[PDB]
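With the first letter of the sequence shown counted as 1, position 14 gets the number 14 in the entry's author numbering; the numbers rise by one all the way through.
Every residue, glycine too, gets a C-beta built ideally from N, C-alpha and C.
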Amino acid sequence: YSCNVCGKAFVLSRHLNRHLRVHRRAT
Ligand SMILES: [Zn+2]
């Protein structure tokens, strides 16, 4: 699993989803 927005790889999908939420921000 990897954050498509950057390329940061994660082992767990749940962690990646949390990381995706951070990209769903404006600032
Ligand atoms: Zn990311």
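Between residue i and the rest of its own chain, which residues show a CB-CB distance below 8 Å, the 5 nearest in sequence each way excluded?
{"i": "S13", "result": "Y1"}
{"i": "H23", "result": "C3, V5 and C6"}
Return the chain-ordered list of same chain residues with a C-beta closer than 7 Å to the C-beta of residue i, the five sequence neighbours on each side being excluded.
{"i": "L16", "result": "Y1, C3 and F10"}
{"i": "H19", "result": "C3, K8 and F10"}
When DSSP builds the beta bridges, which residues end up paired with residue i?
{"i": "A9", "result": "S2"}
By Cβ distance, which residues of its chain are closer than 6 Å to residue i, with the 5 residues on each side in sequence left out?
{"i": "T27", "result": "none"}
**Asked** What is the chain-ordered set of residues for which the beta carbon lies under 6 Å from any non-hydrogen atom of ligand 1?
**Response** The set, ordered by position in the chain, is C3, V5, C6, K8, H19 and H23.
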